[PDB]
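Heads up, what comes next is one protein chain in two forms, each shown on its own as structure tokens, labelled structure 1 and structure 2.
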Structure 1
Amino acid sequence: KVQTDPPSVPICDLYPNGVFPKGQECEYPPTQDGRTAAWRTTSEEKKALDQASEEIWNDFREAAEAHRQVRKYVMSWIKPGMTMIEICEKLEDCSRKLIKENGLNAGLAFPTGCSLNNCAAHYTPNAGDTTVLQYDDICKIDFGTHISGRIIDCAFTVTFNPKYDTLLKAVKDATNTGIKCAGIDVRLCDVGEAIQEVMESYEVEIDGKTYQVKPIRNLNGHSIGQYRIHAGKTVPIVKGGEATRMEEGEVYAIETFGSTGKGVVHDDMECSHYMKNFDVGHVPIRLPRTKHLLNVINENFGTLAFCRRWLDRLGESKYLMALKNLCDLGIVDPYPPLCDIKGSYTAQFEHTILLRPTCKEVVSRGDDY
């Protein structure tokens, strides 16, 4: 009936009637000629539509409340000296409990990113990884929760040295300015341009060197679909892209990455993250270890992302060759860590937003960010 400390009560038990709290609700921006969009908020036609999707928005809100409680707990104990494995296991244990993990009905949407320094995304440790979080590290915590395949993608940056404080502010401001710009009929490239303009208004000094903060050109916000983290609409963080448009009822991950490096990421380091190709259909496999592994993936993850550690915990071993086989057949795709140049520093902030008929909801907003 109230949440414990450390948190252990499922979000579903704290809201016994099943109605989960709304995120930050916002009027859409005015149209570019100048007209207002407040009418959506009082329209019967829009209120009807919105109600027809209530159970959906409610599933996102449950997932979002789990994400707020997990991240508040992580900020309380994450410290240099902890191993990356210990941080991810402690976060994931809490997430499993709060989301009340139940197969594909509720669970973890994707592995815990905890990318360091010049690495921006897609690092989680594999077994045996001895990496320890240090005092000068800049660490992107990116973790996802879901209810019925309704995904919260939300991310923040942890530091301990105040030298990064201005970089964190830039990226936060840039992300908030993306969120503000977003709305129905807005051009995706318009959201990108707003993000860029803000991001580059920021100069930062880090150990006696000055930089203008750059958005990472090839990391992008994106639409979200059911059991589909990246559903094909992509949002730049630089100027230049398609001028296509956000539509009513869609869900977006609005993320920005800021960098003191080239502002471009390349694959580097060993792969931890994998995910079935959403568009591959059924493929009969006779090779027995490869068949078994695909069954394990279909059972436990479907089209959601997973990592090596999550196979290990299911009791699978000596599966690397079978995993490679699935990648080589195109059934599974690998997602290796994405890093800017050696020596650079990268930061991230991200929320999930719902483009409801009646209002824009930053479903994952907290008091924290």
Structure 2
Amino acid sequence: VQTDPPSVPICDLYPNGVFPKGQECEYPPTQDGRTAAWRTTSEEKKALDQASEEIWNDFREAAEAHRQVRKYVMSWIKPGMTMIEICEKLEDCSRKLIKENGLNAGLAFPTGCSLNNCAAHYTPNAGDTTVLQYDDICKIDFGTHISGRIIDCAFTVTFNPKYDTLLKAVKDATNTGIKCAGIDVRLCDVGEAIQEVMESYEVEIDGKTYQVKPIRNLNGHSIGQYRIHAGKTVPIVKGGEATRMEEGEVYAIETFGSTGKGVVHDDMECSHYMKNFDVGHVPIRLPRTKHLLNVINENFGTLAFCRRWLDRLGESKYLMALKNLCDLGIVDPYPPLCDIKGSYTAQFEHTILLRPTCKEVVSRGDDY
């Protein structure tokens, strides 16, 4: 049985390391209006599903860790904690529940805790004195992996009830996206469905009424092994690509709602970085740059990381080396993404598997 606080690894909580299934769903009709209810009992597909069970079960492990960590977080997170203390406490728990081991099992990406008008890609760097406040709207977006099978899953934390209708709107939009996803479904059609739900909500906050806007330049995304962004984008507005979702793909279905302009730009200090896949052996002159790349290779590979995570490894005076890797195309920065000052943004996100026999919301909990 799990400790309180959690300390027992998921791999030791389940007989023979067979982990709980998420929500399983029949596929929605395609554009032609056909149901694929045949998948459910097709023997071809049942076999094809079983053939990748090892993969689905790894996703499930990482999903169960996600659920336990987030319930733990949901038991202590409060105003007056530093964002640093929040992320450290969450991440400490994640490492223990996933029984982290270098690139074999671990944290898939930094703990997002984006506040207020900032929608995504904020985590504190060293020295950040930001404190979580009663009237903050905080997007907790964190990830776990087993063998590079990533869970990307997120929710919004608040303490003031005035944000309740905003959270309801985005939760609805995300659940709509999840319901509309399936094999042979066009990516644009998911985006259209999300937008029509999102935009049906108007919220009143501090005596002002706002039209809930989808953040039009934020997206969900396909996931591949060690590759958080595998190259298909899931729009959250109408008019995305006609590309179809395909059997065996894995998607992060996420939506963002704003009371602001409904669009993000780069803002505040960068915390998040990630080595690029495509890039080959670009030559490196400087010792500090070579060293930083070795630390990145050993600890992260192609997974996202943050400055705090380099600090905790004993790295120092690495910022110009990090800039050097960025300039060389070896690493990309991912700065915080913000709507206008004074706006409010909310997010919900799950990871779904497009298994040959059903759609699995592998990260679904009793919470969201």
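Heads up, when I say rigid core I mean the largest set of C-alphas that superpose within 1.5 Å between the two forms. Numbers given to residues start at 1 and step along the sequence of structure 1.
| Single mover in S317, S53, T42, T36, with Cα shift of 2 Å or more between structure 1 and structure 2 when the core is superposed | Shifted by 2 Å or more: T36 only.
| Shift in Å of the C-alpha at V283 between structure 1 and structure 2 after core superposition | Its C-alpha shift, to one decimal, is 2.8 Å.
| Per-residue Cα shift, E361, between structure 1 and structure 2 [Å; core superposed] | C-alpha shift for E361: 0.2 Å.
| field | Rigid-core-superposed Cα shift at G240 between structure 1 and structure 2, Å | value | In the core superposition between structure 1 and structure 2, the C-alpha of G240 moves 1.1 Å.
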